There are 2 protein chains.
Amino acid sequence: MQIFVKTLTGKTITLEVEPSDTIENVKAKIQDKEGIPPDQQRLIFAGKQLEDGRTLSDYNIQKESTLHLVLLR
Amino acid sequence: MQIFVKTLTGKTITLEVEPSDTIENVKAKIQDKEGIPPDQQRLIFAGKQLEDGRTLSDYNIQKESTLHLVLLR
């Protein structure tokens, strides 16, 4: 499916994922495209922080949903 | 979750923590970002001093709650 990842500043990135993908998988796709290591990535969906080990399907992320990415510890 | 730590003088710091984090854990995160050793940190929430050994969940600190940090003995 296709999801969107929006930064604080405005820039969007399109990703290709499955509900089965884990959150760390997702950060690795964000790593592939923008060079941001996963450890510097905080992902949010509807006010909830997405925790490693979980999948997309754990959070009601659907086709063409938009996460927010917040960028050191 | 995300909590805020406000100094007497105004400056805020954003932290990433869990309810499970101990107070000394919290001071160590404040150490990571601002270089203040934990032994010089006094943390307050709603008029209560936060004591080492306890966790956040011991004090009704929640998402986007704001502690106050007071800075030698």
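Residue numbering for chain B follows Swiss-Prot; the residues present correspond to positions 1-71, 73-74, in that order.
Looking at the header, which is where the method is noted, we find X-ray crystallography, 2.0 Å.
Just so you know, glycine gets a Cβ as well, placed from its N, Cα and C.
Positions annotated as ubiquitin cross-link by Swiss-Prot: B:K6 (among others). Non-local neighbourhood of B:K6 (ubiquitin cross-link): B:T12, B:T66, B:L67, B:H68, B:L69, each in the same chain, at least six residues away, with C-beta under 8 Å from its C-beta.
Counting only residues at least six positions away in the same chain, no Cβ atom sits under 8 Å from the Cβ of B:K11 (ubiquitin cross-link). Per Swiss-Prot, the feature ubiquitin cross-link maps to B:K11 (among others); the stated evidence is experimental evidence.
Around B:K27 (ubiquitin cross-link), the C-beta neighbours below 8 angstroms that are at least 6 residues distant in the chain are B:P38, B:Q41, B:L43. Annotation source Swiss-Prot lists ubiquitin cross-link at B:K27 (among others), citing a curator's inference.
The annotation ubiquitin cross-link is assigned in Swiss-Prot to B:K29 (among others) on the grounds of experimental evidence. Sequence-distant neighbours of B:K29 (ubiquitin cross-link) (same chain, six or more apart, CB under 8 Å from its CB) are B:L15, B:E16, B:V17, B:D21, listed in sequence order.
Taken from Swiss-Prot, the feature ubiquitin cross-link applies to B:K33 (among others), supported by experimental evidence. In the three-state DSSP classification, B:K33 (ubiquitin cross-link) falls within a helix.
Annotation source Swiss-Prot lists ubiquitin cross-link at B:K48 (among others), citing experimental evidence. For B:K48 (ubiquitin cross-link), the count of additional Cβ atoms within 10 Å of its Cβ stands at 11 [all protein chains shown].
Residues or ranges marked as ubiquitin cross-link by Swiss-Prot on the basis of experimental evidence: B:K63 (among others). Neighbour list (B:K63 (ubiquitin cross-link), Cβ cut-off 8 Å, at least 6 residues apart, same chain): B:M1, B:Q2, B:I3.
Its own atom aside, the Cβ of B:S65 (phosphoserine) has 16 Cβ atoms within 10 angstroms in the protein chains shown. DSSP assigns B:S65 (phosphoserine) to coil in the three-state reduction, outside any helix or strand. Here Swiss-Prot flags B:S65 as phosphoserine, drawing on experimental evidence.
The (Microbial infection) ADP-ribosylthreonine feature in Swiss-Prot is assigned to B:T66. Other Cβ atoms within 10 Å of the Cβ of B:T66 ((Microbial infection) ADP-ribosylthreonine), summed over all protein chains shown, number 12.
Reduced to three states, the DSSP call for B:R54 (site 'Interacts with activating enzyme') is coil. Residues or ranges marked as site 'Interacts with activating enzyme' by Swiss-Prot: B:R54.
Feature annotation from Swiss-Prot assigns site 'Essential for function' to B:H68.
A distance of 14 Å separates the Cα atom of B:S65 (phosphoserine) from that of B:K48 (ubiquitin cross-link). Reduced to three states, the DSSP call for B:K11 (ubiquitin cross-link) is coil. When the Cα atoms are compared, B:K33 (ubiquitin cross-link) and B:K48 (ubiquitin cross-link) turn out to be 24 Å apart. In sequence order, B:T22, B:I23 make up the list of same-chain residues 6 or more apart from B:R54 (site 'Interacts with activating enzyme') whose Cβ falls under 8 Å from its Cβ.
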